[PDB]
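For reference, the structure discussed in these notes is given below.
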Amino acid sequence: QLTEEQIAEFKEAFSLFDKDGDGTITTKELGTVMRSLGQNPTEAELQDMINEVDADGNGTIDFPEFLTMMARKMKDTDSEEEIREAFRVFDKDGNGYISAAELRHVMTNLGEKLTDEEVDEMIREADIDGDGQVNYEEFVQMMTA
Amino acid sequence: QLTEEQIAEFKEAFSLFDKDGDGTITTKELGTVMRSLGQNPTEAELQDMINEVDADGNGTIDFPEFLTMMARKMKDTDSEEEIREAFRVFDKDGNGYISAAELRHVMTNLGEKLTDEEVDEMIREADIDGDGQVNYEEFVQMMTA
Amino acid sequence: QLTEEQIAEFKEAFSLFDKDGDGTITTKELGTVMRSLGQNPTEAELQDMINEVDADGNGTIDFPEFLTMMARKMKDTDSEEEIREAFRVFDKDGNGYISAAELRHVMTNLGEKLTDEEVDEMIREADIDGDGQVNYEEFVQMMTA
Amino acid sequence: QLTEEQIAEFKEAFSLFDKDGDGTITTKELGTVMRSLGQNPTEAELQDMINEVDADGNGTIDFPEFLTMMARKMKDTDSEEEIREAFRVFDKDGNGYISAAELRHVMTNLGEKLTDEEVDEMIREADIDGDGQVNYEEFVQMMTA
Amino acid sequence: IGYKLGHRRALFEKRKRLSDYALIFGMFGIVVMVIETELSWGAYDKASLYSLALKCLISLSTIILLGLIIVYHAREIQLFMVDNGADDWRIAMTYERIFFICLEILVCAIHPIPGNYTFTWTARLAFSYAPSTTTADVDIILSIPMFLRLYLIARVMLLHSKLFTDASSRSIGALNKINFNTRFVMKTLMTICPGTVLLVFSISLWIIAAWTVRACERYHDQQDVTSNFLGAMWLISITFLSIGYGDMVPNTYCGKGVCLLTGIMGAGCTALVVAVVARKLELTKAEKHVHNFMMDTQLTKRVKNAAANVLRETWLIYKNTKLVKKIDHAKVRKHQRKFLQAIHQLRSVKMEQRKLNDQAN
Amino acid sequence: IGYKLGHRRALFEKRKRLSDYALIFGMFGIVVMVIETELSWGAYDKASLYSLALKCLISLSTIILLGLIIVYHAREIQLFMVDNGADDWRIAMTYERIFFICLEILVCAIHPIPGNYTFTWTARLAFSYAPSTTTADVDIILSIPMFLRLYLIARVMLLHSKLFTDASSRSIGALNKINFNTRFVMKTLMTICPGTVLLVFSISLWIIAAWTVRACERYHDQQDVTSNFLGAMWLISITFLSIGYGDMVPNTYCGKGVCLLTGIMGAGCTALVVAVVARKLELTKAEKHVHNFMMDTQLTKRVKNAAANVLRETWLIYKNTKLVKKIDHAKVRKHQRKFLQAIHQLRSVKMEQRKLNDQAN
Amino acid sequence: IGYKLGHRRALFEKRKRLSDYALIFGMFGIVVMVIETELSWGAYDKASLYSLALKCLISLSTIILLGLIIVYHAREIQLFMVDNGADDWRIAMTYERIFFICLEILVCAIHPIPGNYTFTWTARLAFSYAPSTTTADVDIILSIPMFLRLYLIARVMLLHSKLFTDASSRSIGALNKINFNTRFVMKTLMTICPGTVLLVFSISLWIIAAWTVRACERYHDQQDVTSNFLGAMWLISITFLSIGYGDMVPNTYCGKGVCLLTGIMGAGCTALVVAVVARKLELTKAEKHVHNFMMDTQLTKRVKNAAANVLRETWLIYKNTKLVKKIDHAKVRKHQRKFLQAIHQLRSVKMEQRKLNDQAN
Amino acid sequence: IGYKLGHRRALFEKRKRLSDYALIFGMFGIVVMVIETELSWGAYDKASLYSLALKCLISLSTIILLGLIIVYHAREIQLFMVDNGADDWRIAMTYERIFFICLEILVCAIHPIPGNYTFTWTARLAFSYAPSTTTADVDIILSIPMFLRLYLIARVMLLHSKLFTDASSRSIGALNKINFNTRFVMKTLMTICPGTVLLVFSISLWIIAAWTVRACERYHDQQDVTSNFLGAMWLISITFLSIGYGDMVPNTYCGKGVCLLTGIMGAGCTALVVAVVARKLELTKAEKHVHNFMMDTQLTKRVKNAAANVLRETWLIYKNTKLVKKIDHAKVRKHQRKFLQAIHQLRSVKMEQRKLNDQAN
Ligand SMILES: O=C1Nc2c(ccc(Cl)c2Cl)/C1=N\O
Ligand SMILES: [Ca+2]
Ligand SMILES: [Ca+2]
Ligand SMILES: [Ca+2]
Ligand SMILES: [Ca+2]
Ligand SMILES: [Ca+2]
Ligand SMILES: [Ca+2]
Ligand SMILES: [Ca+2]
Ligand SMILES: [Ca+2]
Ligand SMILES: [K+]
Ligand SMILES: [K+]
């Protein structure tokens, strides 16, 4: 269990983003920090980063949500974030879904060239395929569960 | 007592800021000098610098006022200016006052931890007026007088 | 004859320009590539480059047109392109023609001067149409057949 | 006299400013060259530079006017130009005339500290017209030619 | 939650403690090796019991050090399992982790084993090209590689760093995808405190290299030249600086190798130090602004003086040419020369002003 | 068309194969020369039949190499005819192509011819200035220039390059009028992998130059100094680094020339390597942003602490001056000294913060 | 205000005068030490009355110098009280100030005391490794560290600086919060006059180091090698430049230490001087503009010439191909070769023009 | 007018011709001095008549050279009178013109006068510290400073320059107040052709300094070490490069001074040459654009491959964990290791991509 010193350190790290003191991180604060880091983002990207981690749905990052995401960020690398990145590599359109034809092309041509039967089994086992549009939910559920 | 040569040296130093022969330093001339010195002061900051030196409130720095401030500026360091700077460190907003709670927080948490009884005595003695917000005049009078 | 590997290499070179899958290089993909290459071509220059390569007059380069162009671009140097460049050196203001007086001045004054016998004999041999102003067609027809 | 080769050299030097086919250097064909040379002159400065050389008016420099000014520019350093520069050092107003008080100040205070009688004699001799505002013509005429 | 993060923190603390203990035992072994090497040449022989006691102490330290390294790597693998959501430790072994663990054990296992083993050593003397045969103890070949144990210092430096273990730093670096490894910490130190890092590295290299030079050279040196500690320090300093060798040339290939390594290190460290000094002799931006302001003031004053002299001489030339019944040509010539000098001064000061206005922006 | 491109590709493949064979035969000749030079000093004499066999093998390799060079240049001229629309091969010959072909044949034609030819060699010994006369075989003068055959490595490197042969690279490089020659490929390699290029070049030069020094010096060296391979390696390393000769001065002008060439190469290679290291010790832009952020955070904390100390000492001075019944001068003096220290700390930390905000732009 | 500024100015003048007197007496002591060191080796013995007279004169100068330093520090403390509004001098007495005053007194108190004291000095000769025992006077150990008194030059340089004393400079630097100390003045001098500063420093170091080398080396040198002043000058010059000792290796550790200090100083001073020269060989911005303009003119002319040659050769090829009844193939081939050359010239000159337009931005 | 600007050109031509003749006669004198110095050591004695003939020829050349220098300066003063509107030549004399004219006459007046004058020369041999006394001719002291006449080369270089005399260049430089002097032409040459300038300077210095070393060292060298021309060439090369001296240390202070001057010149010339090479190994801006484009293409392909591998291993872990009756756990562990490897590859290639996008602008 965390001690008082560890909670203080994490609260200080939170204060690096929670400048106003509201007890929550808004989109503007994250944008200011990121632009101070020379990574000028868009409103869409800032909203996407604020989401995907705010479990309470308030639209702003809390302290427990910050602790939950720091549980992953303190590691040298994370699996879920990198699987999402690999998914977004081939989701150039941005629709959030991968067509069966594009996925088959990628798996048969780009990487280690899976056999056609293996690709057929994979695309069939993709439950979030929705009759063709494989979503990011299937990719996460394949490895996480 | 000042000699003719010293008076001439101070007069030419004054001329470095007194472009026109008006015999006084306005705000625009100080702004031009400071911008030549690689700064971008605001109108509020320039007005503040013109203040604190203006003995007679003509709105502009005279020659005797310049000599009076040069008396302080020829030293390696000045106590009053640095006390004002330390005051402005903890004065986050533009108000000339700091709340008693803020001063107690500052003096008990950050820096050399002052005793709570000592902090109470200091907040009582500094607040010469009944108001619980400590002004810059009280801090200056603490050390100057 | 080209093998499958050669066709694949040329196809990926073509794809380096054909961002959109239009099957043909539009006239804006060339601009985007050139600007990525640290250039700022004009609309007139872009149109001039996108022409001279398309034989179907569609205004867009196909794959066979790209192959024909690469047949010349893969060489260390091209004679026709350099003759066109030498022509454009003396074709000020993009006239497309050089007056007989200007051409005689060029060939007699600057560079290795010709004898006055061959001067204006060159013009008599050129200008098949008899207009009197030498066009880029005559210069190409000299070296070629 | 001048050989035809020397005339050709001066003609090509003239052509460095006279890009157009005419025989006059305008106010803009000089601005283009001076901006290529890393300067940003104004219309007033360009007009003054033209007027300092432009004989017979016309508002433009001819070829003989170019030869006349090159007779001065070819040597290592000139005298009239530097006297004009020294005059313009003290003519900060730009009116072209220096007040007698200003001349007395700049000749007694800074420099080699002329005697008062010498300054009086100089200011009397310079003020040929008796106006009391010494012009650039008087300074040039003092050194004769 | 509040358990996984605390578990990672506890694992990191255990790793840090194991690193500290490994460094302590490695340095203890190196220090006892240095003491025994110094004392067996003099006080006691290699067949003495003091030699046996000190070498047995070295071997015990080495056993404890190997155990500490193995337990440290076990804690690494356990933390790897915790991080990369793994339940089998065999996922950690990747033909590179195994190789580096084996290299670390091999490096930390070399030490002078107890016993009395000797070998024949033949070297050609410097500047005289005469042979030298001695019967040397094997322990020198096993003592010198013990200095390779100093990578544990780098390990401790990484594990005690604030950047590596701090929620604020990791949270900020996750936004830029910064890789928090030993290279990053080393580069950060070379950016913050370059002179101090280079000074510490150079002094430690100097002492270590001089000692190992004399330890190798004492076998074939009977003239107190390169086996002298102070002479070895001078030799290392002048090969580091690439001045050369004096009469101080190693008789052994161990000494030559150490001198070559010192020269290679010096060729880069000297240039880095000079870059640091050049940067530290440069004015700050505010100091640059102030200096340019004051220089421009002086230039304006000097321009005014030059123009005044020009006008003065222009007046006096006329006053002594005309306005005088008897024209003294000598004085007129003097004033014409002074007029030309004033013109040249005005030109030069104006071009200085132009240069300063160019560097002012 | 689908025929011109195929014809050019076939010609490219033929040229590439010819270059590969020429490199193979040149390296075979160099290797057999090294073996024969090493073995004729020891195992067999120059009048034996092993020497004849190895030198005849060298000569056959040289004949095949010259044939391969000539056929390669014929293919080059044929491809020139294909490219520049020419029908007569005589257009290719331009008094410079002929000169370079002749130079290439001259370089590749030098080899130790079979036979037993000797000459008289006189050299002055180093540090003793004593003469030395030996009867040396002519084969050394013909063996050493065989190392000039290493330009074939550059030819193969150009012909195997992706930039030179790829269609995409040519298509994009034609937009900027890039000249795809050996210089461009070498500059690209020095931009991508500078440390690897410099390391490979330095190691190969080290071994080749050390062997050349040994081969030249073994004739006048009867003391095992510069004819020692390991000593020659050390000599090359310390002249490369400009530390200097030890007692290792060459007795021959061949050795002195090799050492001078090594010193000239080192004077530039060392500086290039140091520039590479300095660049590699520099923080990335993202790492710079993160570091500036963290340092600014620490600076803010220290500013707050300094200001707190300033206010604390001001209050303590006031209390012990005008609030205590009897003033303790020692205490008041101590607090005034601490107040001055706090003021200095505040000034210094604020100027550090100002400097950091300056470099943060 | 008139009195307040006048008091500080008077204190500045008194402090400046005290610095001048301290420098005068320190330099007098150093000069008499050099004279006595030179003359006691030759003219008179250490038991002469000339030696006693000169050393008593040295001791009196040292006493006056110590008094002057103490009074200078009293004036410093008084000025500190005036500035930082203090009434007790004991506020100024921090540990740093006391330590620096004590260090200054210790440095300025070392001198050869009157008397005849000798000690035994043993050194190993260079290149021969032979011992040398001499009975040396103690006065050399006390004379050499007298050169440490040259910090008074830096003190005088700071106190005579216009930046430190001018009112205009102080007023301007208060806006940027510039710290006017010795470091700022030194950096300003290294900015305006780097070559002069480096030249003065190098010449003074050269003479001082050569003299101290010969003063140390004369005890164990009976062959006029390193005790020769001109030879010592050469030795210092070649260790400064890192060429290395010739046959000029010092026999003493004092000489070796001086040579090491010279080499360390040279390693940085040489690089700084080279940077200065490289900057001074660079064109001014206006000169750059003029040069680019003229080069662009020449490139335009060459482009026109190349294009004219291209067109001429095209015409000649066409004429001799399809206009003459007797087709002379040699002429056509020559003109085709010239056409290809003209094409290459046009390409190269346009590449040069493109590069120049790139650097012209 | 046509009279002026043509009179000035005629004066320019006369002055240029006088410079050419002065250079011709100075070089003739230097060449005859070199021939006589070489031949009097061997073929004929100093009391011969060939020596007298050659030295009288030298003296006649020197008289003509002095006359040419004086007439050149008369033409300079006449051109000065023409330019600065002067009628009296006495305005031109400013103690600086007089000093430099006297310096030129003094420099060009030194030559070996006819006669047979000898002096006693004593030097200490290198590495042996043995004295050497010879009776040397005075002519060497008068021959060596004849190399100071090479400033006439700089004069001719300025006067034949295009920038100095071209009308277009002067008209353009008048708009930037460019000072057209020898410094400007030298800086322009160091900007256009730095490698060629440095190469010519280094080769000429090499030969001149090696010959000077030989001429000074031949008097005290009876062992063919430093009086050997090829050995002197090697010595100059290794002091230029700061490798050091071998056994090649001058016995004379003339040789030591020449070696010191060579080392000082080399310390700067080497750094300048290395800067030139570093600049010439850098890609052009267009080449940089092309290279960044191609590298970005390759990194995009690698990113796609890495992401495909990540997805493939994510699928295979699931297929071999679930969707199977029996789990081997060995293939599953292998696929989990490959999944982690693919994740690391994707992270690293994305880091490279973002670094390249950073350097792309
Ligand atoms: O340094 C300063 N010079 C100033 C200041 C403020 C006002 C004026 Cl007029 C002058 Cl000249 C200054 N700071 O308060
Ligand atoms: Ca908030
Ligand atoms: Ca929330
Ligand atoms: Ca004013
Ligand atoms: Ca006022
Ligand atoms: Ca398209
Ligand atoms: Ca088409
Ligand atoms: Ca015009
Ligand atoms: Ca006109
Ligand atoms: K050296
Ligand atoms: K060196």
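Ligands are numbered from 1 in the order shown, residues from 1 within each chain, and chains are lettered A, B, ... in the order they appear in the structure tokens.
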
Counting only C-alpha atoms, which residues in chain C sit no more than 12 Å from chain G? For each one, give the nearest pair of atoms and the distance in Å, sorted by chain then residue number, as JSON lines.
{"residue": "C:38", "atom": "CA", "partner": "G:358", "partner_atom": "CA", "distance": 10.8}
{"residue": "C:39", "atom": "CA", "partner": "G:358", "partner_atom": "CA", "distance": 11.2}
{"residue": "C:76", "atom": "CA", "partner": "G:344", "partner_atom": "CA", "distance": 10.6}
{"residue": "C:77", "atom": "CA", "partner": "G:344", "partner_atom": "CA", "distance": 8.6}
{"residue": "C:78", "atom": "CA", "partner": "G:343", "partner_atom": "CA", "distance": 9.1}
{"residue": "C:79", "atom": "CA", "partner": "G:343", "partner_atom": "CA", "distance": 7.6}
{"residue": "C:80", "atom": "CA", "partner": "G:343", "partner_atom": "CA", "distance": 10.3}
{"residue": "C:81", "atom": "CA", "partner": "G:343", "partner_atom": "CA", "distance": 10.1}
{"residue": "C:82", "atom": "CA", "partner": "G:343", "partner_atom": "CA", "distance": 6.6}
{"residue": "C:83", "atom": "CA", "partner": "G:310", "partner_atom": "CA", "distance": 7.4}
{"residue": "C:84", "atom": "CA", "partner": "G:307", "partner_atom": "CA", "distance": 10.2}
{"residue": "C:85", "atom": "CA", "partner": "G:307", "partner_atom": "CA", "distance": 8.3}
{"residue": "C:86", "atom": "CA", "partner": "G:307", "partner_atom": "CA", "distance": 4.9}
{"residue": "C:87", "atom": "CA", "partner": "G:307", "partner_atom": "CA", "distance": 7.7}
{"residue": "C:88", "atom": "CA", "partner": "G:307", "partner_atom": "CA", "distance": 9.4}
{"residue": "C:89", "atom": "CA", "partner": "G:307", "partner_atom": "CA", "distance": 7.1}
{"residue": "C:90", "atom": "CA", "partner": "G:304", "partner_atom": "CA", "distance": 7.9}
{"residue": "C:91", "atom": "CA", "partner": "G:307", "partner_atom": "CA", "distance": 11.4}
{"residue": "C:103", "atom": "CA", "partner": "G:308", "partner_atom": "CA", "distance": 9.6}
{"residue": "C:104", "atom": "CA", "partner": "G:308", "partner_atom": "CA", "distance": 10.6}
{"residue": "C:105", "atom": "CA", "partner": "G:308", "partner_atom": "CA", "distance": 10.3}
{"residue": "C:106", "atom": "CA", "partner": "G:308", "partner_atom": "CA", "distance": 6.7}
{"residue": "C:107", "atom": "CA", "partner": "G:308", "partner_atom": "CA", "distance": 6.1}
{"residue": "C:108", "atom": "CA", "partner": "G:308", "partner_atom": "CA", "distance": 9.1}
{"residue": "C:109", "atom": "CA", "partner": "G:308", "partner_atom": "CA", "distance": 9.3}
{"residue": "C:110", "atom": "CA", "partner": "G:305", "partner_atom": "CA", "distance": 5.5}
{"residue": "C:111", "atom": "CA", "partner": "G:305", "partner_atom": "CA", "distance": 3.9}
{"residue": "C:112", "atom": "CA", "partner": "G:309", "partner_atom": "CA", "distance": 5.9}
{"residue": "C:113", "atom": "CA", "partner": "G:308", "partner_atom": "CA", "distance": 8.2}
{"residue": "C:114", "atom": "CA", "partner": "G:312", "partner_atom": "CA", "distance": 7.3}
{"residue": "C:115", "atom": "CA", "partner": "G:312", "partner_atom": "CA", "distance": 10.7}
{"residue": "C:118", "atom": "CA", "partner": "G:316", "partner_atom": "CA", "distance": 9.0}
{"residue": "C:119", "atom": "CA", "partner": "G:312", "partner_atom": "CA", "distance": 9.9}
{"residue": "C:120", "atom": "CA", "partner": "G:315", "partner_atom": "CA", "distance": 11.5}
{"residue": "C:121", "atom": "CA", "partner": "G:315", "partner_atom": "CA", "distance": 9.9}
{"residue": "C:122", "atom": "CA", "partner": "G:315", "partner_atom": "CA", "distance": 6.9}
{"residue": "C:123", "atom": "CA", "partner": "G:315", "partner_atom": "CA", "distance": 10.0}
{"residue": "C:124", "atom": "CA", "partner": "G:315", "partner_atom": "CA", "distance": 11.8}
{"residue": "C:125", "atom": "CA", "partner": "G:319", "partner_atom": "CA", "distance": 9.0}
{"residue": "C:126", "atom": "CA", "partner": "G:315", "partner_atom": "CA", "distance": 9.6}
{"residue": "C:136", "atom": "CA", "partner": "G:311", "partner_atom": "CA", "distance": 11.9}
{"residue": "C:138", "atom": "CA", "partner": "G:315", "partner_atom": "CA", "distance": 10.8}
{"residue": "C:139", "atom": "CA", "partner": "G:311", "partner_atom": "CA", "distance": 8.3}
{"residue": "C:140", "atom": "CA", "partner": "G:314", "partner_atom": "CA", "distance": 9.6}
{"residue": "C:141", "atom": "CA", "partner": "G:318", "partner_atom": "CA", "distance": 9.5}
{"residue": "C:142", "atom": "CA", "partner": "G:318", "partner_atom": "CA", "distance": 6.0}
{"residue": "C:143", "atom": "CA", "partner": "G:314", "partner_atom": "CA", "distance": 6.1}
{"residue": "C:144", "atom": "CA", "partner": "G:318", "partner_atom": "CA", "distance": 9.0}
{"residue": "C:145", "atom": "CA", "partner": "G:318", "partner_atom": "CA", "distance": 9.7}

**Distance-based interface of chain G with chain E, 7 Å, counting only C-alpha atoms, as a ChimeraX atom specification** = /G:126-127,129,169,172-173,176,178,187,239,242-245,249,268

**Request:** Record the distance separating atom CA of residue 117 of chain A and atom CA of residue 99 of chain A, expressed in Å with one decimal.
**Result:** 17.6 Å

**Request:** Between atom CA of residue 229 of chain G and atom CA of residue 143 of chain G, measure the distance and give it in Å to one decimal.
**Result:** 17.6 Å

**Message:** Let me see if you get this right: every residue at most 7 Å from ligand 4, counting only C-alpha atoms and all ligand atoms, written as a ChimeraX atom specification.
**Reply:** /B:18-26,29
